[PDB]
Amino acid sequence: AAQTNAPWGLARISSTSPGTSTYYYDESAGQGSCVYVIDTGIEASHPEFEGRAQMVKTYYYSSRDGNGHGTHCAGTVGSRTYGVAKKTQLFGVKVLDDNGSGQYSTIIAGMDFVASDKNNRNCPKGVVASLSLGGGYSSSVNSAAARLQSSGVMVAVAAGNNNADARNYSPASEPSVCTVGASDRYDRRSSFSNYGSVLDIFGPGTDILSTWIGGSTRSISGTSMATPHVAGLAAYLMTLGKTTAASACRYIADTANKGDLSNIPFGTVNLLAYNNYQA
Ligand SMILES: [Ca+2]
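Written as structure tokens, this is what we have:
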């Protein structure tokens with residue numbers, strides 16, 4: 001399948017080169033997989049989701065995304081225009097209030113929630129979780145990421161927006177999950193991407209067009225926008241049969257486009273997520 005005049009990041013993770021605007025992908029498009037967006041929620045009523053999104057948890061007084069962040073990230077995963085994995089089932093978990101603030105302990109509660117709940121969902125092709133959030137190093141936050149991953153969920157986490165080595169941030173520094181940095185449409189590491197040997201992979205994160213609340217669409221920027229490209233990609237690769245929840249971060253690195261970003265500080269991977277469909 002081909003989707004012309006696509007947001008640049010969907011074209012990128014289907015291209016070897018920058019500078020084009022069609023998104024090339026096998027039409028399976030994540031059918032039979034499940035992605036949990038653990039964030040401010042998801043405006044499931046957005047027609048871009050076509051009936052495939054359900055809030056399933058909150059730790060606040062409403063499950064609604066009253067911020068828009070969770071809805072944008074979720075759209076990149078799996079909205080019909082703006083998503084990677086255009087036939088995946090999306091499940092929301094509201095661990096952030098509406099300003100974007102979550103206490104750690106609640107973040108943790110969300111995460112163990114997914115390891116349990118996946119068993120209440122129909123996900124024959126595989127489960128993913130997408131965490132576009134974080135704060136300072138915590139062993140506990142990190143440990144809740146290793147549990148979620150160990151429970152057979154592909155876990156994808158934002159490396160962070162401080163232009164700093166990510167080993168000091170959580171859940172990014174955790175080893176066993178898939179820590180995502182960011183790039184721009186000219187293949188520059190994004191000026192705000194954390195870096196450091198804990199990163200596994202980079203994704204489009206600067207001027208990412210996606211859904212917003214009210215039914216609407218905006219472009220914003222962050223390792224948060226990069227993260228759901230890798231989550232959605234992993235859902236896409238499960239469904240096909242290329243990899244598994246426990247093998248997908250390795251698998252994406254193995255198949256990445258290798259050398260191609262500017263400004264990988266020394267010691268940071270220079271691997272860019274790629275679906276290997278067109279070549
Ligand atoms: Ca890893």
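Using PDB author numbering, you'd call the opening residue of the sequence shown number 1 and step up by one each time. C-beta: ideal position from N, C-alpha, C; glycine also.
Look at the Cβ atom of residue i, then the Cβ atom of residue j, and state whether they are nearer than 8 Å.
i: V128; j: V35; result: yes
i: residue 288; j: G181; result: Lying before the first or after the last residue shown, residue 288 is absent from the chain, which here runs from 1 to 279.
i: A156; j: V230; result: yes
i: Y59; j: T106; result: yes
i: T227; j: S130; result: yes
i: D98; j: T40; result: yes
i: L90; j: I42; result: yes
i: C73; j: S132; result: yes
So residue i is in the alpha helix (DSSP H); what residue range does that whole segment cover?
i: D254; result: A248 to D254
i: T106; result: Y104 to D117
i: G66; result: Looking at the DSSP string, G66 is not in any alpha helix (DSSP H), and its letter there is neither H nor E.
i: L261; result: Segment: none, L261 is in no alpha helix (DSSP H) and carries neither H nor E.
i: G9; result: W8 to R12
Where does the unbroken beta strand (DSSP E) through residue i begin, and where does it stop?
i: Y236; result: Premise fails: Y236 lies in the alpha helix (DSSP H), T223 to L240, not in any beta strand (DSSP E).
i: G203; result: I201 to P204
i: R218; result: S216 to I220
i: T76; result: Looking at the DSSP string, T76 is not in any beta strand (DSSP E); the run it does join, the alpha helix (DSSP H), is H69 to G78.
i: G92; result: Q89 to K94
i: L209; result: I208 to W212
i: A53; result: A53 to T58
i: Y36; result: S33 to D39
Excluding five sequence neighbours on each side, which residues of the same chain lie with their C-beta closer than 7 Å to the C-beta of residue i?
i: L271; result: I201, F202, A253, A256 and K258
i: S176; result: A146 and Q149
i: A6; result: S21, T22 and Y23
i: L233; result: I13, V84, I252, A273 and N275
i: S173; result: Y137, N142, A166, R167 and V198
Please work out which residues of its chain come closer than 6 Å, Cβ to Cβ, to residue i, disregarding the five sequence neighbours upstream and downstream, and give them in chain order.
i: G68; result: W212 and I213
i: residue 289; result: Absent from the model: residue 289. The displayed extent of the chain is 1 to 279, so no value can be given.
i: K125; result: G32, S33, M238 and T239
i: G30; result: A85, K87, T88, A235, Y236 and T239
i: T243; result: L237 and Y251
i: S262; result: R188
i: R80; result: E48, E50 and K86
Going along the chain, which residues of its own chain have a beta-carbon closer than 8 Å to the beta-carbon of residue i, five neighbours each way excluded?
i: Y169; result: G134, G135, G136, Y137, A159, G160, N162 and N194
i: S28; result: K87, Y236, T239 and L240
i: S247; result: none
At what residue ranges does the segment 131 to 197 contain a whole run of the alpha helix (DSSP H), taking only runs of 4 or more? 139 to 150
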